[PDB]
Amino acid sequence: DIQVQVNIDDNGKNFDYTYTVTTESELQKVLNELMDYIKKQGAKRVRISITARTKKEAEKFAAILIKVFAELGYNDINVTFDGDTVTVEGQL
């Protein structure tokens, strides 16, 4: 299935959120939800990796995560694909 790994680091405080969705609908729920946790924490570095079923899927997700990070002010983003896992890491 779809594995969402959210890792927020911020001086002596590391948060690791792991979700498993199946809807792309309840994904919008996780998405929206993560957007808030991060707005609040306002961390320098934020990493999100999503293990998709196919690389073409990982791409659609990378497009999603890019807009998420951009909107939230993270503007120097690294997008890395590792098989079916996409890892978008941004810095504020």
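Each residue number is its position in the shown sequence, starting from 1.
- Here 59-67 and 31-39 are compared by their mean Cα B-factor, and 31-39 comes out higher.
- Judged by mean Cα B factor in the deposited record, 22-30 ranks above the other of 47-55 and 22-30.
- For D84, the recorded CA temperature factor ranks within the middle third of the chain's modelled residues.
- Per-chain ranking of the deposited C-alpha B factor places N11 in the highest third.
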